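Starting off, we have a lone chain in the form deposited in one PDB entry, written out as C-alpha cells.
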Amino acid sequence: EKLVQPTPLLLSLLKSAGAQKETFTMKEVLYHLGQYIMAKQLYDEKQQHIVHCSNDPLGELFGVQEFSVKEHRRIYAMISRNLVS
C-alpha cells in the first residue's frame, strides 16, 4: 500500500528486469527482484534455496556473496537499506 522510492542501484536493476516506474510497493520490488534473479539465473536448486550473487551487481546491492530466500525479514532488511523513502 505504501510506496517506496528505490536508490539508483536498486532502481537500475528493477528497470533492467522490466519495471517502468521509479516508485513501487514492496510487493512490486520483490516481484521484480524475483524476475531479475530468475533472469540472470542466480537461484539454484541443490544449494538449499540460496541465491548466489557474488559476481553480480545484486551482490553489491545487498552487500553479500549469497543469501537464503527463506528468511524474509533479512531480505526486507537488505532491501530497506536501498529505499530512499
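Rigid core (definition): largest C-alpha set, two forms, superposition within 1.5 Å. From 1 onward, residues are counted along the sequence shown.
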Comparing 36-44 with 23-31, the higher average Cα temperature factor in the PDB entry belongs to 36-44
Going by the entry, of stretches 9-17 and 71-79 the one with greater average Cα B-factor is 71-79
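The same protein also exists as the form deposited in another entry; that form is not shown, yet it is the one meant from here on.
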Rigid-core superposed between the shown form and the other one, candidates 61, 11, 17, 75; the one over the 2 Å C-alpha cutoff or at it is 61
